[PDB]
Structure formats: C-alpha cells, structure tokens
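Worksheet: one structure, shown below.
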Amino acid sequence: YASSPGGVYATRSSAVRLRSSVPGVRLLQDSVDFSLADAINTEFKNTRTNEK
Amino acid sequence: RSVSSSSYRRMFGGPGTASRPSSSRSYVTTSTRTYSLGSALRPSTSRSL
C-alpha cells in the first residue's frame, strides 16, 4: 500500500548553463493524452461488462 | 619596416564563447519511487464466522 516505490519523485536537476541553440525539429504528440482512447480502453471493457 | 600589430582588429577576446547554457543535468536523474497498493484494494476477509 506504499506510494512512490524507492521514495521516488521528480527531484530538480539543474546543470551548467549550456547555451546551445537547438532548431527544435518537433516530434508532435497526437497522444497528448490520446485519453479518449483510454476512457475507450475502459469502454472496450464496459462493452464487455454489458455483454457479460 | 617592423609590422605594427597592436590588438589592431578590435580587442574583444576571441569569437568565441556565447555562454551556451550548461543545464543542471549534472544532477542525479529523479528516483521514480511510486508504489502499487495491489492487495488492500480487494478486502479478502471471511465474513463466514
């Protein structure tokens, strides 16, 4: 029943102030919570609940 | 006829370090210590008493 296995959270990293330019060729993320699909993973299983 | 170069082409260092920011990824990458309470979420007790 313990949260955060190993005591984990996103502790602040902050390094040497490297001024690289980065031209920023994006991976766009059409799964910025594709979430309608994971509510739908719960409904691919509510459809199983009604049939059952 | 000795060449008379001072600093002579301005004076400002070298081209030469625009201080590209060294982010603190010299820290340790975070401890992902999450936990799953996978047992108590099915309260397995004999009410047959």
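Numbering, chain B: per Swiss-Prot, residues 4-52 in sequence.
Each residue, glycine too, has its Cβ placed from N, Cα and C.
Feature list (source: Swiss-Prot):
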type	residues	note
COMPBIAS	B:20-32	compositional bias 'Low complexity'
CARBOHYD	B:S7	O-linked glycosylation site
CARBOHYD	B:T33	O-linked glycosylation site
CARBOHYD	B:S34	O-linked glycosylation site
MOD_RES	B:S5	phosphoserine
MOD_RES	B:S7	phosphoserine
MOD_RES	B:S8	phosphoserine
MOD_RES	B:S10	phosphoserine
MOD_RES	B:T20	phosphothreonine
MOD_RES	B:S25	phosphoserine
MOD_RES	B:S26	phosphoserine
MOD_RES	B:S34	phosphoserine
MOD_RES	B:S39	phosphoserine
MOD_RES	B:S47	phosphoserine
MOD_RES	B:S49	phosphoserine
MOD_RES	B:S51	phosphoserine
Looking at the recorded positions B:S5, B:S8, B:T33, whose Cα is closest in space to that of B:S26 (phosphoserine)?
B:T33
Could you check the modified residues B:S8, B:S10, B:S25, B:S26, B:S47 and tell me which sit with their Cβ under 8 Å of a chain A Cβ?
B:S25, B:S26
Determine, to the nearest whole angstrom, how far the Cα atom of B:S5 (phosphoserine) is from the Cα atom of the residue listed as 'phosphothreonine'.
33
Whole-number Å only: compute the distance from the Cα of B:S10 (phosphoserine) to the Cα of B:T20 (phosphothreonine).
19
For B:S8 (phosphoserine) and B:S51 (phosphoserine), what Cα-Cα distance in Å is obtained after rounding to a whole number?
101
Given a 10 Å Cβ-Cβ cut-off, pick out the one of the recorded positions B:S7, B:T20, B:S25, B:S47, B:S49 that has the most other Cβ atoms nearby.
B:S25
Fewest other C-beta atoms within 10 angstroms of its own C-beta: which of the modified residues B:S39, B:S51 fits that?
B:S51
Cα distance (Å, whole number) from B:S7 (O-linked glycosylation site) to B:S39 (phosphoserine):
76
Just checking: which of B:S7, B:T20, B:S25, B:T33, B:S34 have a Cα that is within 10 Å of the Cα of B:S51 (phosphoserine), counting only these recorded positions?
none
